[PDB]
Participant: 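Sharing a structure here in structure tokens format.
No hydrogens, no waters, no symmetry mates; every other heavy atom, side chains included, goes into these values. Each chain gets a letter, A, B and so on, in the order the sequences are listed, and its residues count up from 1.
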Amino acid sequence: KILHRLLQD
Amino acid sequence: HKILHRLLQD
Amino acid sequence: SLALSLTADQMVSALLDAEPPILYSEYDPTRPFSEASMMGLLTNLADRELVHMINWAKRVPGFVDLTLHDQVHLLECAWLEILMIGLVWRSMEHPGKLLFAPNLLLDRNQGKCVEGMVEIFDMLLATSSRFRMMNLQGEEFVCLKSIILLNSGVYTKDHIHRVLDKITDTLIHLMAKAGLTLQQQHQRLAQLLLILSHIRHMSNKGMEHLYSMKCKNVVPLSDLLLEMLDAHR
Amino acid sequence: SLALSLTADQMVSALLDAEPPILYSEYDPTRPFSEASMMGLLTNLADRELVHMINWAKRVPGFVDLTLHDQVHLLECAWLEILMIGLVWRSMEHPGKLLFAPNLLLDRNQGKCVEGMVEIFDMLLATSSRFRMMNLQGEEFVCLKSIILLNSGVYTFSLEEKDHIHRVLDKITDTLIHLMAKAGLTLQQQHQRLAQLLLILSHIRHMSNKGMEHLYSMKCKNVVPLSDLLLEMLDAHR
Ligand SMILES: COC(=O)CC1CCC(=C(c2ccc(O)cc2)c2ccc(O)cc2)CC1
Ligand SMILES: COC(=O)CC1CCC(=C(c2ccc(O)cc2)c2ccc(O)cc2)CC1
């Protein structure tokens, strides 16, 4: 989940 | 044409 | 155009009096639970509802002023949205249920018959629950449904936008009478119109699923419904 | 929450400061356009825009208060909507043209490269012309864009996280009205303009859905390399 990673930081 | 045509003017 | 001379109350009474009746589904079966049976009942119901919608649209203030071809475009563009907001409206006093007809009350479990129906059902139920918590009134509902009719196909026009502003004035007038403050008025107005974005979404998603039904040739839909379908492609 | 305690002006400046940059596209005016290159440029562009949108969404008031899983859902739901309203905003002062990038200015004739694209392009053009006639303000645009982010996926989630989102949405509605009141609009004009703006969102949703199903079709038609992030955004709509 790329979107999930980029949202964390 | 369309059935909708007929129903709009009846 | 006569529609612009109308007062807020004249606008409300005109819309309320133009309301289509609540049709019944085909009585009896086995309480659906098959793909062809359920889609058959829904298609039959929708086809009969379309006839009333067309006559309802002609009574919506300003719709008669449009070109016949423009009338065709707006209806072809918004017919499933109008059906859905009606279904959602009827399903208000029935939490967790979708009142397609008084003798056809469905829940999400009964949507497992058709692929992708549970998803749409959940969105419809969510909209109905949203209407309920907002305590949507009938006077507000008929304004929203008329807005959908005139707005959904306008970008695909000065008169329509003038009529749209007129309905906006009517909505505000309805809320002002309900004792809502100036802040509560524009907030509720926004809340109602944002739901229309979701009704659009459900219609788009719901439309696609009607395509795959037509290609599968599972249910004999009418030529009218087929022409309303072809227009979205 | 801090978003609920933000004044109207504080809300505007916050959204304005959080604005993502206008990215350039890889585009060679010398190179011949094909129905795989031009889609490739838009795909390459949108993919880079997504990275800025994600960080932009973080700075949208109330968005960080939400669960990470709901942040994913909202963005998966409205990413093409936000891209499109951005595109439409940039293309306002270019009648009959879509400014995908400062170096990528397209009209309907060049949209014929791809099938079904010209219908999307005309709808985008109409939305842009609509914004132009309304004389949409930047302060209003950033409000609308933030509304899309929070609203588009709120009915597809006893979490009670929905209540906070609606509370923020109401605050943004208060912001819009405050803007129109400062522009010298009468009370009737305020409610009308507000309604006019939000009805456009219904059309932007329509364009997104139609655009989405056209992105999903050419995904199966391997003619265009969709980026890994973009593919995961497409999977969300199924
Ligand atoms: C995949 O399954 C789904 O998407 C379910 C969805 C439910 C709603 C809908 C329909 C519908 C169903 C079949 C049609 O041919 C025409 C209209 C509908 C019917 C009556 C009504 O008052 C409002 C809408 C469309 C289908
Ligand atoms: C098939 O023809 C079409 O429908 C054209 C449509 C045009 C707009 C759009 C895109 C788009 C195009 C390709 C993608 O992979 C991702 C995003 C877009 C790109 C950037 C931007 O800032 C805003 C939007 C989607 C495509």
Participant: Indicate the atoms forming the closest heavy-atom contact of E227(C) with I3(B), along with that distance.
Facilitator: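 Closest heavy-atom pair between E227(C) and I3(B): OE1-N, 2.9 Å.
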
Participant: Heavy-atom count check: over 12 atoms from other residues, nucleotides or ligands less than 6.0 Å from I22(C) CD1?
Facilitator: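 Not more than 12 within 6.0 Å, no.
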
Participant: Can you check whether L75(C) reaches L8(B) side chain to side chain, under 4.5 Å on heavy atoms?
Facilitator: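 Yes. Closest side-chain heavy atoms under 4.5 Å.
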
Participant: Heavy-atom distances under 4.5 Å only: say whether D223(C) touches chain B with side chain, backbone, both or neither.
Facilitator: both

Participant: Rounded to the nearest 0.5 Å, what separation is found between the CD1 atom of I54(C) and the CG atom of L7(B)?
Facilitator: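 If we round to the nearest 0.5 Å, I54(C):CD1 and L7(B):CG are 4.5 Å apart.
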
Participant: For side chain to side chain contact (heavy atoms under 4.5 Å, CB included), just list the numbers for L50(C) and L4(B), CA-CA rounded to whole Å, side-chain angles, deciding distance to a tenth of an Å, and then say yes or no.
Facilitator: CA-CA 10 Å; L50(C) 280 173; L4(B) 189 53; over 6 Å; no

Participant: Going from NZ on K2(B) to CD on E76(C), what distance comes out if it is rounded to the nearest 0.5 angstrom?
Facilitator: 4.0 Å

